[PDB]
Amino acid sequence: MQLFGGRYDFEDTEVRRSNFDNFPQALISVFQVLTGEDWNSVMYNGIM
Amino acid sequence: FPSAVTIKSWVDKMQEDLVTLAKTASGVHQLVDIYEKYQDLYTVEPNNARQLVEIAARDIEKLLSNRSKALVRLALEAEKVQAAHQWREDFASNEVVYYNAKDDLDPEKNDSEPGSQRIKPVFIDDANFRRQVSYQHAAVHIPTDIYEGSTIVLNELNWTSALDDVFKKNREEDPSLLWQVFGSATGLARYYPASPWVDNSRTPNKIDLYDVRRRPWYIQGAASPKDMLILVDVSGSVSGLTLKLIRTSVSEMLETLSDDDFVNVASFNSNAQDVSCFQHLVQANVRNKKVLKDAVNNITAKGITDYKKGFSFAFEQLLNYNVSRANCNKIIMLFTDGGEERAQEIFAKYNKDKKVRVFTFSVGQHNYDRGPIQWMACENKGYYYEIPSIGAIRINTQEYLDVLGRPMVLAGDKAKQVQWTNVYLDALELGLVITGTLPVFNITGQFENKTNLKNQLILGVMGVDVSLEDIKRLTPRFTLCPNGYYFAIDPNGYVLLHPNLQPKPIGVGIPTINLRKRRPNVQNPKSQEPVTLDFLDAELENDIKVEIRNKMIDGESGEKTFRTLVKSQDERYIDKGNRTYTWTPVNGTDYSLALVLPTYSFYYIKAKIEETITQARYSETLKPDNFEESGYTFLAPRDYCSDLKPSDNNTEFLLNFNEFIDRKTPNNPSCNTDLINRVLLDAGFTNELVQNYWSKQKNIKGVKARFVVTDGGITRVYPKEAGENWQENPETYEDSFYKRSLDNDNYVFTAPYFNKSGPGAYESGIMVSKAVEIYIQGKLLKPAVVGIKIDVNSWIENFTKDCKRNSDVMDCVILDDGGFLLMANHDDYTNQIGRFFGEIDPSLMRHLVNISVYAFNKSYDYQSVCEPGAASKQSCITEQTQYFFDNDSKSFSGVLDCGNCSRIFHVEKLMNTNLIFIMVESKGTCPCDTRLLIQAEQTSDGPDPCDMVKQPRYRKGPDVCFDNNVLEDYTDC
């Protein structure tokens, strides 16, 4: 939430549900990265 | 270097040769003679410049009154029929039979959608619509992204089935009606006569982005003018997707503003400020809207949100009253996403009496609080809209009108007045049309008076189109000169009728398109802007024309005779002529009609050849097999008779005219006898000139060809072999040389074109014209213009014999008023003839402009086509320039200096012609250069818009407008 909180200010229209906006969503995204599913898609959003 | 007297002698010799040649070999005095020798075959009737304007104003008023009576009937029937609708909800067995436009018309489709049944039409072809038309039923157009068979549209298709009777009755009464259309508040449009839509969904490669609720006529008939104040929230929270959506939303909201609405786009992020260089409310025309659009697309999001400062800014800008405003519907549109402050104190202190509506738009997808925004919308008589995608932008930024129509429907029959719109381009490809609109109210218990729930909105908007050809046939211009015309203006400045209003859309700024970011087949959309060309942008602006404009905007009669400099047809020259404007108001509507009649045009020739022998004999002088006796002959393609149609393949038109005069004798009880008699008369006169005078000398020293143009249309070139080198328009009212030589009182030299693909330089020759001037009963008349095409080479010879050919000490050139080369002395200049003098010898021309022998007048042509830059054609503004003599002096000598050298020059103006002869030291001696001073259309951008709102033009808005009713509801949001 500190790093990527509100930094998905992308000018395009692709939906990125696994973001770090609030605390429940950060928990969901962290759990998804933990279980190793699609975690390489939550990294490219955090990079760009 | 020669002295002044020997130079004057050279010039006198040259002018006494040129004038004598172009006077004897042309036939000016002979035609002047024969135009008075008969003096019985015609009569001289006056042109009462006052009565013509009153007759034309009465006829236009009658036409518009008829088109208004054709509207009130449709309104009454629509209200009556929808008052008794039953609201079915199952159309499986009680199908709706109708003709959906824009569908594949093969006789094999058999659509059979679940609920309705299509019609297959017969589609005869017709005139007054250059397309196929079926007068038996009414077509239907439904926006592409609206389901054709939902219950909300299946009823609007079922109760509007009773309009076709009134459509048919309206057209049966006045057979000359164009489209009659009912555009309902559900997108469903129904027009008559039926015609296939110009754009199917996917049968072409493009799609159809049309929506009745955004057209000019609908938006103007559905609500009174407004003072909108868009208020963007550009704080940090709106960054990302919602900002990309707010930009498009503001740009689509501005697209719903006519010229009578005023707009300004402020922004706020912990600090409120305007977004462009405007600082107040502007008039929301094409250029102002363009600047606001281009300034919105530059905003970025950063900061904290503070609604109090933004709303203070908005309510302050809506309380100015120093600037010109529409001053009817003070509203404000807050484009945001959602916050936590409802700002009750600002609303309490600013609009405690609920005078300014607040529409609130929540854009994008997010997890914020849409509570306070909904509260602001609900409290201030406004409405709350949600825009979560680019798809929902068109139908959300156009629904606020349904809220601005409440105080109009709550007024009754005091809000049903026909209201003509601006000039635009029809969507069914019919040219320039104006549309009269009249709203339609929903009455479902006006008897019991208990509903008032859906009866606060309007059903739709009726409309009937009036094409600007029906109007140009009420102001007939074939008894004036090529220099007199009609023109009628709005009470807004804009022109509705002018010889300079053209079907192309007016441009704004230099066009720039980026090809590198454009998919091949995606159908980038088009425009819906009207053609709003102001009066002072279709002519040259004086300090007197602004007086005439501001004087006939506010419905006043009168006239004024003054001395203005007029621009030629080809935008290259500039005259100096007397004009007499004579205006009047069209009593019924809010238009003002004027009439520009020059002096020498207060009398005209009416043909009075009642003997059939003379008519027949003269008619025998136009057959193409007789050219060798009377020279190549053209004919102006006018509406001589409703049978023969203008062709533009002028030889075919002449054939058809001959064969029509052959069958029916000129008595013509169902035909325009006046034009035909005039044409036969002038054909007789021109043929007598060719036979009696031109046919004696078959050829002369240098005359390549001699032509005669006249009113009526006849134009004859003597050598048929030369007729193939006559590029001029056959209609004698668009011949630039005709009008020019009519204005001047001396032989006008018309320079040829340069490097244009077509043989004019050594194949046609320099052109010379002069207007015939007769005196019948002490009254002036200019009925024809005779001319000559001097050959260039023989003129070079006559010119040289110390100006020896290809000299290297001096150059001796000849120009005309306009700065175009006509006769050089180097064989490197005189091979590029007709080119601008200041484009080959820049510094000398710049000095001539400096010492004030020439003078220019830059202008703007708001309807041009250019090639865009990277930053087949596009609409563009092109700055023009035209040079002309100003000083009356005859000789100008001196010396020009441009560093380390100095050239000597002497220029002298020929008498009784528009030529100047300049002798100067050659450029090969003095190395000089300033810049190419080019006279040609330049793709421009200005004038500066936000340095013009500080001092706008006069304007008389609509005095009647409806807002702020007491028995309104505003219980919706």
# chains A, B, ... in the order shown; residues from 1 in each chain; ligands from 1

$ residues_around --residues "range 866-877 of chain B" --least-positions-apart "3" --cutoff "12 Å" --atoms "only C-alpha atoms" --output "number ranges by chain"
B: 287, 503-517, 526-527, 531, 537, 859-863, 880, 937-943

$ interface_residues --of "chain A" --to "chain B" --cutoff "9 Å" --atoms "only C-alpha atoms" --output "PyMOL selection string"
chain A and resi 6+8-13

$ write_last_selection --atoms "C-alpha atoms" --output "PDB file, in the first residue's frame"
ATOM      1  CA  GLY A   6      -2.651   4.883  -5.906  1.00  0.00           C
ATOM      2  CA  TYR A   8      -1.827   2.822 -10.962  1.00  0.00           C
ATOM      3  CA  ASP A   9      -2.750   6.158 -12.552  1.00  0.00           C
ATOM      4  CA  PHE A  10      -2.671   4.668 -16.032  1.00  0.00           C
ATOM      5  CA  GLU A  11      -4.078   6.749 -18.878  1.00  0.00           C
ATOM      6  CA  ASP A  12      -5.447   3.682 -20.696  1.00  0.00           C
ATOM      7  CA  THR A  13      -8.612   1.640 -20.219  1.00  0.00           C
TER       8      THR A  13
END

$ atom_distance --atom1 "CA of residue 909 in chain B" --atom2 "CA of residue 8 in chain B"
9.3 Å

$ residues_around --residues "residue 320 in chain B" --least-positions-apart "6" --cutoff "12 Å" --atoms "only C-alpha atoms" --output "short mmCIF file (atom, residue, chain, number, x, y, z; two decimals) with N, CA, C and O atoms, in the first residue's frame"
data_model
loop_
_atom_site.label_atom_id
_atom_site.label_comp_id
_atom_site.auth_asym_id
_atom_site.auth_seq_id
_atom_site.Cartn_x
_atom_site.Cartn_y
_atom_site.Cartn_z
N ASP B 227 -26.24 29.78 -20.11
CA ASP B 227 -24.92 30.29 -19.74
C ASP B 227 -24.24 29.18 -18.95
O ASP B 227 -24.26 29.17 -17.72
N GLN B 279 -11.07 34.04 -19.20
CA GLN B 279 -11.33 34.74 -17.94
C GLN B 279 -12.79 35.12 -17.72
O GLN B 279 -13.10 35.67 -16.66
N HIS B 280 -13.69 34.84 -18.66
CA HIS B 280 -15.11 35.16 -18.49
C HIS B 280 -15.91 34.33 -19.48
O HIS B 280 -15.37 33.41 -20.12
N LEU B 281 -17.19 34.64 -19.62
CA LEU B 281 -18.07 33.89 -20.50
C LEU B 281 -17.90 34.35 -21.94
O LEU B 281 -17.97 35.55 -22.23
N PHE B 313 -15.57 30.50 -7.36
CA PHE B 313 -15.16 30.95 -8.69
C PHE B 313 -16.30 30.85 -9.69
O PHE B 313 -16.54 31.78 -10.47
N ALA B 314 -17.01 29.73 -9.69
CA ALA B 314 -18.11 29.54 -10.63
C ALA B 314 -19.21 30.57 -10.42
O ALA B 314 -19.63 31.26 -11.36
N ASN B 327 -27.89 35.24 -20.69
CA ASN B 327 -28.61 35.67 -19.50
C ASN B 327 -29.98 35.01 -19.38
O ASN B 327 -30.97 35.66 -19.01
N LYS B 330 -28.64 30.26 -16.17
CA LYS B 330 -27.40 30.15 -15.41
C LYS B 330 -27.31 28.76 -14.82
O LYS B 330 -28.07 28.41 -13.91
#

$ closest_residue --among "A:47, A:33, A:1, A:42" --to "residue 20 in chain A" --atoms "only C-alpha atoms"
A:1

$ closest_residue --among "B:799, B:486, B:335, B:653" --to "residue 234 in chain B" --atoms "only C-alpha atoms"
B:335

$ atom_distance --atom1 "CA of residue 776 in chain B" --atom2 "CA of residue 606 in chain B"
13.0 Å

$ closest_residue --among "B:673, B:881, B:273, B:757" --to "residue 312 in chain B" --atoms "only C-alpha atoms"
B:273

$ closest_residue --among "B:104, B:682, B:379, B:386" --to "residue 352 in chain B" --atoms "only C-alpha atoms"
B:379

$ atom_distance --atom1 "CA of residue 684 in chain B" --atom2 "CA of residue 621 in chain B"
7.4 Å

$ closest_residue --among "A:22, A:40, A:45, A:32" --to "residue 5 in chain A" --atoms "only C-alpha atoms"
A:22

$ closest_residue --among "B:907, B:525, B:737, B:71" --to "residue 207 in chain B" --atoms "only C-alpha atoms"
B:525

$ residues_around --residues "residue 19 in chain A" --least-positions-apart "6" --cutoff "7 Å" --atoms "only C-alpha atoms" --output "PDB file with C-alpha atoms, in the first residue's frame"
ATOM      1  CA  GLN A  25      -7.385  -5.157  -1.992  1.00  0.00           C
ATOM      2  CA  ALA A  26      -3.755  -5.064  -0.877  1.00  0.00           C
ATOM      3  CA  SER A  29      -3.062  -8.934  -4.155  1.00  0.00           C
TER       4      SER A  29
END

$ residues_around --residues "residue 542 in chain B" --least-positions-apart "3" --cutoff "8 Å" --atoms "only C-alpha atoms" --output "mmCIF file with C-alpha atoms, in the first residue's frame"
data_model
loop_
_atom_site.group_PDB
_atom_site.id
_atom_site.type_symbol
_atom_site.label_atom_id
_atom_site.label_comp_id
_atom_site.auth_asym_id
_atom_site.auth_seq_id
_atom_site.Cartn_x
_atom_site.Cartn_y
_atom_site.Cartn_z
ATOM 1 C CA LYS B 545 -20.104 48.341 -43.205
ATOM 2 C CA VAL B 546 -19.941 47.790 -39.443
ATOM 3 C CA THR B 564 -15.993 51.002 -50.953
#
